[PDB]
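Structure data (PDB, C-alpha atoms) from my_file-v4.pdb:
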```pdb
ATOM      1  CA  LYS A   5      -2.962  38.563   9.425  1.00  0.00           C
ATOM      2  CA  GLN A   6      -1.327  37.925   6.042  1.00  0.00           C
ATOM      3  CA  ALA A   7       2.105  39.536   5.733  1.00  0.00           C
ATOM      4  CA  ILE A   8       5.824  38.860   5.311  1.00  0.00           C
ATOM      5  CA  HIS A   9       7.734  38.096   8.513  1.00  0.00           C
ATOM      6  CA  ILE A  10      11.466  38.556   9.130  1.00  0.00           C
ATOM      7  CA  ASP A  11      12.825  35.780  11.353  1.00  0.00           C
ATOM      8  CA  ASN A  12      16.622  36.146  11.210  1.00  0.00           C
ATOM      9  CA  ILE A  13      19.228  38.640   9.992  1.00  0.00           C
ATOM     10  CA  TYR A  14      22.944  37.942   9.554  1.00  0.00           C
ATOM     11  CA  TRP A  15      25.942  38.925   7.434  1.00  0.00           C
ATOM     12  CA  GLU A  16      28.633  37.159   5.405  1.00  0.00           C
ATOM     13  CA  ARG A  17      31.350  39.722   4.549  1.00  0.00           C
ATOM     14  CA  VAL A  18      29.353  42.557   2.888  1.00  0.00           C
ATOM     15  CA  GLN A  19      26.300  40.467   1.957  1.00  0.00           C
ATOM     16  CA  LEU A  20      23.142  40.902   4.038  1.00  0.00           C
ATOM     17  CA  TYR A  21      21.044  37.754   4.478  1.00  0.00           C
ATOM     18  CA  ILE A  22      17.374  38.024   5.459  1.00  0.00           C
ATOM     19  CA  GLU A  23      15.494  34.877   6.492  1.00  0.00           C
ATOM     20  CA  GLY A  24      11.749  34.781   6.979  1.00  0.00           C
ATOM     21  CA  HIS A  25       8.433  33.152   6.160  1.00  0.00           C
ATOM     22  CA  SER A  26       5.058  34.076   4.675  1.00  0.00           C
ATOM     23  CA  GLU A  27       1.740  34.051   6.553  1.00  0.00           C
ATOM     24  CA  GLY A  28      -0.512  34.072   3.499  1.00  0.00           C
ATOM     25  CA  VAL A  29       1.435  35.518   0.570  1.00  0.00           C
ATOM     26  CA  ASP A  30       2.332  33.395  -2.460  1.00  0.00           C
ATOM     27  CA  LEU A  31       6.121  33.618  -2.783  1.00  0.00           C
ATOM     28  CA  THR A  32       6.601  32.035  -6.224  1.00  0.00           C
ATOM     29  CA  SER A  33       5.799  35.073  -8.414  1.00  0.00           C
ATOM     30  CA  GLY A  34       7.055  38.048  -6.395  1.00  0.00           C
ATOM     31  CA  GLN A  35      10.338  39.957  -6.276  1.00  0.00           C
ATOM     32  CA  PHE A  36      11.993  40.605  -2.915  1.00  0.00           C
ATOM     33  CA  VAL A  37      13.619  44.051  -2.729  1.00  0.00           C
ATOM     34  CA  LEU A  38      15.017  46.632  -0.332  1.00  0.00           C
ATOM     35  CA  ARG A  39      13.188  49.917  -0.941  1.00  0.00           C
ATOM     36  CA  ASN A  40      13.755  53.208   0.839  1.00  0.00           C
ATOM     37  CA  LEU A  41      10.878  55.139   2.387  1.00  0.00           C
ATOM     38  CA  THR A  42      10.996  57.743  -0.409  1.00  0.00           C
ATOM     39  CA  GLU A  43      10.603  55.092  -3.170  1.00  0.00           C
ATOM     40  CA  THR A  44      13.565  56.663  -4.988  1.00  0.00           C
ATOM     41  CA  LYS A  45      16.092  53.817  -4.591  1.00  0.00           C
ATOM     42  CA  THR A  46      15.346  50.093  -4.855  1.00  0.00           C
ATOM     43  CA  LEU A  47      17.842  47.254  -4.362  1.00  0.00           C
ATOM     44  CA  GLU A  48      17.147  43.832  -5.857  1.00  0.00           C
ATOM     45  CA  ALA A  49      18.198  40.574  -4.221  1.00  0.00           C
ATOM     46  CA  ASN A  50      21.092  38.707  -5.829  1.00  0.00           C
ATOM     47  CA  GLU A  51      19.942  35.398  -4.294  1.00  0.00           C
ATOM     48  CA  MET A  52      16.404  34.244  -3.498  1.00  0.00           C
ATOM     49  CA  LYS A  53      15.824  30.742  -2.105  1.00  0.00           C
ATOM     50  CA  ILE A  54      12.188  29.739  -1.555  1.00  0.00           C
ATOM     51  CA  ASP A  55      11.299  26.593   0.421  1.00  0.00           C
ATOM     52  CA  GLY A  56       7.544  26.301   0.874  1.00  0.00           C
ATOM     53  CA  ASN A  57       6.454  29.320   2.913  1.00  0.00           C
ATOM     54  CA  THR A  58      10.050  30.112   3.968  1.00  0.00           C
ATOM     55  CA  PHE A  59      12.532  32.330   2.146  1.00  0.00           C
ATOM     56  CA  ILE A  60      16.134  33.522   2.334  1.00  0.00           C
ATOM     57  CA  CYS A  61      17.333  36.618   0.472  1.00  0.00           C
ATOM     58  CA  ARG A  62      20.782  38.129  -0.082  1.00  0.00           C
ATOM     59  CA  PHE A  63      21.502  41.807  -0.758  1.00  0.00           C
ATOM     60  CA  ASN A  64      24.753  43.574  -1.659  1.00  0.00           C
ATOM     61  CA  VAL A  65      24.190  46.974  -0.045  1.00  0.00           C
ATOM     62  CA  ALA A  66      27.699  48.228  -0.891  1.00  0.00           C
ATOM     63  CA  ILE A  67      26.592  49.407  -4.364  1.00  0.00           C
ATOM     64  CA  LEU A  68      24.496  52.270  -2.955  1.00  0.00           C
ATOM     65  CA  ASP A  69      27.447  54.706  -3.051  1.00  0.00           C
ATOM     66  CA  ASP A  70      28.267  53.992  -6.708  1.00  0.00           C
ATOM     67  CA  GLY A  71      25.729  56.657  -7.691  1.00  0.00           C
ATOM     68  CA  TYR A  72      23.853  59.482  -5.976  1.00  0.00           C
ATOM     69  CA  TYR A  73      23.178  58.694  -2.322  1.00  0.00           C
ATOM     70  CA  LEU A  74      21.750  60.228   0.870  1.00  0.00           C
ATOM     71  CA  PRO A  75      23.949  59.836   3.988  1.00  0.00           C
ATOM     72  CA  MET A  76      20.899  59.000   6.170  1.00  0.00           C
ATOM     73  CA  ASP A  77      18.413  56.688   4.456  1.00  0.00           C
ATOM     74  CA  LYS A  78      16.086  53.993   5.809  1.00  0.00           C
ATOM     75  CA  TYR A  79      15.220  50.962   3.673  1.00  0.00           C
ATOM     76  CA  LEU A  80      12.194  48.691   3.980  1.00  0.00           C
ATOM     77  CA  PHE A  81      12.364  44.971   3.252  1.00  0.00           C
ATOM     78  CA  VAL A  82       9.457  44.392   0.890  1.00  0.00           C
ATOM     79  CA  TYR A  83       7.930  41.569  -1.156  1.00  0.00           C
ATOM     80  CA  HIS A  84       6.541  43.004  -4.401  1.00  0.00           C
ATOM     81  CA  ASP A  85       3.956  40.887  -6.222  1.00  0.00           C
ATOM     82  CA  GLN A  86       0.615  42.436  -7.133  1.00  0.00           C
ATOM     83  CA  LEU A  87       0.720  44.301  -3.808  1.00  0.00           C
ATOM     84  CA  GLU A  88       3.788  45.434  -1.889  1.00  0.00           C
ATOM     85  CA  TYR A  89       4.171  43.605   1.436  1.00  0.00           C
ATOM     86  CA  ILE A  90       6.394  45.143   4.109  1.00  0.00           C
ATOM     87  CA  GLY A  91       8.329  42.682   6.236  1.00  0.00           C
ATOM     88  CA  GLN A  92       7.381  42.479   9.903  1.00  0.00           C
ATOM     89  CA  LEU A  93       9.969  41.828  12.595  1.00  0.00           C
ATOM     90  CA  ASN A  94       9.593  38.671  14.654  1.00  0.00           C
ATOM     91  CA  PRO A  95       9.176  39.531  18.368  1.00  0.00           C
ATOM     92  CA  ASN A  96      11.423  36.569  19.189  1.00  0.00           C
ATOM     93  CA  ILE A  97      14.391  38.610  17.948  1.00  0.00           C
ATOM     94  CA  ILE A  98      13.648  41.477  20.340  1.00  0.00           C
ATOM     95  CA  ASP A  99      13.048  39.009  23.188  1.00  0.00           C
ATOM     96  CA  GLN A 100      16.409  37.336  22.527  1.00  0.00           C
ATOM     97  CA  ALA A 101      18.019  40.786  22.365  1.00  0.00           C
ATOM     98  CA  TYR A 102      16.530  41.476  25.802  1.00  0.00           C
ATOM     99  CA  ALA A 103      18.748  38.645  27.107  1.00  0.00           C
ATOM    100  CA  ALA A 104      21.505  41.122  27.951  1.00  0.00           C
ATOM    101  CA  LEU A 105      23.794  42.025  30.852  1.00  0.00           C
ATOM    102  CA  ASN A 106      22.829  43.796  34.073  1.00  0.00           C
ATOM    103  CA  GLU A 107      24.580  46.997  32.990  1.00  0.00           C
ATOM    104  CA  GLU A 108      22.823  46.701  29.628  1.00  0.00           C
ATOM    105  CA  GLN A 109      19.564  45.940  31.447  1.00  0.00           C
ATOM    106  CA  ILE A 110      19.602  49.183  33.452  1.00  0.00           C
ATOM    107  CA  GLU A 111      20.895  50.959  30.325  1.00  0.00           C
ATOM    108  CA  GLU A 112      17.835  49.800  28.394  1.00  0.00           C
ATOM    109  CA  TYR A 113      15.549  50.859  31.233  1.00  0.00           C
ATOM    110  CA  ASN A 114      17.030  54.365  31.040  1.00  0.00           C
ATOM    111  CA  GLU A 115      15.241  54.641  27.685  1.00  0.00           C
ATOM    112  CA  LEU A 116      11.902  54.985  29.509  1.00  0.00           C
ATOM    113  CA  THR A 117      10.352  57.771  27.381  1.00  0.00           C
ATOM    114  CA  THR A 118       9.449  55.847  24.216  1.00  0.00           C
ATOM    115  CA  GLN A 119       8.920  52.159  23.506  1.00  0.00           C
ATOM    116  CA  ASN A 120      10.488  52.844  20.108  1.00  0.00           C
ATOM    117  CA  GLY A 121      13.834  53.841  21.586  1.00  0.00           C
ATOM    118  CA  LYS A 122      13.780  50.673  23.682  1.00  0.00           C
ATOM    119  CA  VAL A 123      13.272  48.385  20.686  1.00  0.00           C
ATOM    120  CA  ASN A 124      15.812  50.344  18.612  1.00  0.00           C
ATOM    121  CA  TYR A 125      18.390  50.008  21.392  1.00  0.00           C
ATOM    122  CA  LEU A 126      17.709  46.268  21.512  1.00  0.00           C
ATOM    123  CA  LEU A 127      18.052  45.988  17.714  1.00  0.00           C
ATOM    124  CA  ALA A 128      21.241  48.089  17.497  1.00  0.00           C
ATOM    125  CA  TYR A 129      23.198  45.110  18.878  1.00  0.00           C
ATOM    126  CA  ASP A 130      23.009  43.595  15.361  1.00  0.00           C
ATOM    127  CA  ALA A 131      24.327  46.579  13.414  1.00  0.00           C
ATOM    128  CA  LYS A 132      27.044  46.087  10.802  1.00  0.00           C
ATOM    129  CA  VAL A 133      29.932  48.436  10.005  1.00  0.00           C
ATOM    130  CA  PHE A 134      32.518  48.036   7.247  1.00  0.00           C
ATOM    131  CA  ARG A 135      34.584  50.125   4.843  1.00  0.00           C
ATOM    132  CA  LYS A 136      34.868  50.121   1.045  1.00  0.00           C
ATOM    133  CA  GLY A 137      38.461  50.269  -0.201  1.00  0.00           C
ATOM    134  CA  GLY A 138      40.435  49.801  -3.383  1.00  0.00           C
ATOM    135  CA  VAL A 139      38.697  52.898  -4.815  1.00  0.00           C
ATOM    136  CA  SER A 140      39.334  56.652  -4.996  1.00  0.00           C
ATOM    137  CA  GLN A 141      37.269  57.486  -1.882  1.00  0.00           C
ATOM    138  CA  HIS A 142      37.146  55.113   1.085  1.00  0.00           C
ATOM    139  CA  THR A 143      33.697  55.168   2.683  1.00  0.00           C
ATOM    140  CA  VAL A 144      32.244  53.749   5.897  1.00  0.00           C
ATOM    141  CA  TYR A 145      29.025  51.731   5.619  1.00  0.00           C
ATOM    142  CA  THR A 146      26.910  51.611   8.786  1.00  0.00           C
ATOM    143  CA  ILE A 147      23.749  49.489   8.573  1.00  0.00           C
ATOM    144  CA  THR A 148      21.524  49.573  11.660  1.00  0.00           C
ATOM    145  CA  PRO A 149      18.265  47.617  12.055  1.00  0.00           C
ATOM    146  CA  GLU A 150      15.610  49.737  13.742  1.00  0.00           C
ATOM    147  CA  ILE A 151      11.900  50.541  13.802  1.00  0.00           C
ATOM    148  CA  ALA A 152      11.178  53.732  11.855  1.00  0.00           C
ATOM    149  CA  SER A 153       8.878  55.788  14.083  1.00  0.00           C
ATOM    150  CA  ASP A 154       7.684  57.831  11.088  1.00  0.00           C
ATOM    151  CA  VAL A 155       5.812  54.838   9.613  1.00  0.00           C
ATOM    152  CA  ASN A 156       6.013  52.288  12.458  1.00  0.00           C
ATOM    153  CA  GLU A 157       7.743  49.743  10.215  1.00  0.00           C
ATOM    154  CA  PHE A 158      11.016  47.849  10.432  1.00  0.00           C
ATOM    155  CA  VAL A 159      13.823  49.380   8.359  1.00  0.00           C
ATOM    156  CA  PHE A 160      17.564  49.123   7.815  1.00  0.00           C
ATOM    157  CA  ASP A 161      19.011  52.516   8.747  1.00  0.00           C
ATOM    158  CA  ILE A 162      21.967  52.958   6.381  1.00  0.00           C
ATOM    159  CA  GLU A 163      24.403  55.857   6.761  1.00  0.00           C
ATOM    160  CA  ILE A 164      27.276  56.160   4.278  1.00  0.00           C
ATOM    161  CA  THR A 165      29.973  58.501   5.598  1.00  0.00           C
ATOM    162  CA  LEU A 166      33.682  59.255   5.329  1.00  0.00           C
ATOM    163  CA  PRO A 167      36.050  58.131   8.110  1.00  0.00           C
ATOM    164  CA  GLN A 168      36.723  61.801   8.972  1.00  0.00           C
ATOM    165  CA  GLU A 169      33.082  62.251  10.058  1.00  0.00           C
TER     166      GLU A 169
END
```
Represent the supplied structure as structure tokens.
Amino acid sequence: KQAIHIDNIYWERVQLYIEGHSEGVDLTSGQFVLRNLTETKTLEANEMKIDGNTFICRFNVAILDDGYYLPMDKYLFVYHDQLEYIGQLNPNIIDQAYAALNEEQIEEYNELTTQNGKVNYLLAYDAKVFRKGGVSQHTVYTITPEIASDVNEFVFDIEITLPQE
């Protein structure tokens, strides 16, 4: 097919880095963004490095509580040119996540029921949690990569809560 692929995900302090490549999309004219499923909040990348068909993008997700925010919101990684392209997760990441312990192995096989819950459990090992201080309200940011079963697409499940919760 022709789509945007997500190859690696990592963090430096609060900044979320997304590395990937294109399988047919021209990357020189389009804007990479994080967009929620409801199309009501969009987050632009602060850094965008293109190298041939490969790309790296940086997002500062910590600004999402500066305005009006939902405490349970899933965000797609999308390349917007003339058509929006939703990033697809590389199966190598889930296969490397499968390289777990024995306890974790039998824990993952207790999922059983749905394939979705299995892949989400494998992806949860790369979740990020941090707090925002120096302000009037200290908030906990929890960003969890997962496959959204409502659309069958990869999303960052972000929940912004108070420490009390």
If we count all atoms listed in the file and set the cut-off at 12 Å, which residues sit around residue 99 in chain A, ignoring sequence neighbours fewer than 6 positions away in its own chain? Please answer as a PyMOL selection string.
chain A and resi 93+122-123+126-127
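Closest approach to residue 137 in chain A among A:44, A:114, A:106, A:166: A:166, based on all atoms listed in the file.
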Identify, on the basis of only C-alpha atoms, every residue whose closest approach to residue 129 in chain A does not exceed 12 Å; exclude the query and any residue fewer than 5 positions from it along the same chain; express the result as an MDAnalysis selection string.
chainID A and resid 13:14 97:98 100:104 108 112 122:124 147:150
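Checking A:85, A:48, A:169, A:43 one by one against residue 20 in chain A, counting all atoms listed in the file, you find the shortest gap at A:48.
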Let me know the residues the PyMOL selection byres ((chain A and resi 76) around 8) catches in the file above, as a ChimeraX atom specification.
/A:74-75,77-78,161-164
Residues matched by the PyMOL selection byres ((chain A and resi 50) around 8), written as a list in words
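With the shown file as input, the PyMOL selection byres ((chain A and resi 50) around 8) matches residues 48, 49, 51, 52, 61, 62, 63 and 64 of chain A.
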Which residues are close to residue 67 in chain A, i.e. within 12 Å by only C-alpha atoms, leaving aside same-chain residues fewer than 6 positions away? Reply as a PyMOL selection string.
chain A and resi 18-19+45-48+73+136+143+145+164
I'd like to know which of A:168, A:96, A:40, A:33 is closest to residue 155 in chain A, using all atoms listed in the file.
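Among A:168, A:96, A:40, A:33, it is A:40 that comes nearest to residue 155 in chain A.
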Polymer residues at most 7 Å from (12.3, 46.7, 9.8) by only C-alpha atoms, as a ChimeraX atom specification:
/A:80-81,91-93,149-151,157-160
Interatomic distance (Å, one decimal) between CA of residue 119 in chain A and CA of residue 5 in chain A
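So the answer is 22.9 Å.
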Pick the closest to residue 90 in chain A from A:26, A:12, A:120, A:165: which is it, counting all atoms listed in the file?
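Of A:26, A:12, A:120, A:165, the one nearest residue 90 in chain A, counting all atoms listed in the file, is A:26.
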For the provided coordinates, the residues matched by the PyMOL selection byres ((chain A and resi 7) around 12) should be stated as a ChimeraX atom specification.
/A:5-6,8-10,24-31,57,81-84,87-94
Give the padded box for range 133-152 of chain A as JSON: axis-aligned, covering all atoms listed in the file, 8 Å on each side, centre and edge lengths in Å to one decimal.
```
{"center_x": 25.8, "center_y": 52.6, "center_z": 4.4, "size_x": 45.3, "size_y": 25.9, "size_z": 34.8}
```
Looking at all atoms listed in the file, which of A:66, A:60, A:36, A:105 is the one that sits closest to residue 132 in chain A?
A:66
Work out how far apart CA of residue 115 in chain A and CA of residue 128 in chain A are and give it in Å to one decimal.
13.5 Å
Provide the CA of residue 167 in chain A to CA of residue 131 in chain A distance in Å, to one decimal place.
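Between CA of residue 167 in chain A and CA of residue 131 in chain A the gap works out to 17.3 Å.
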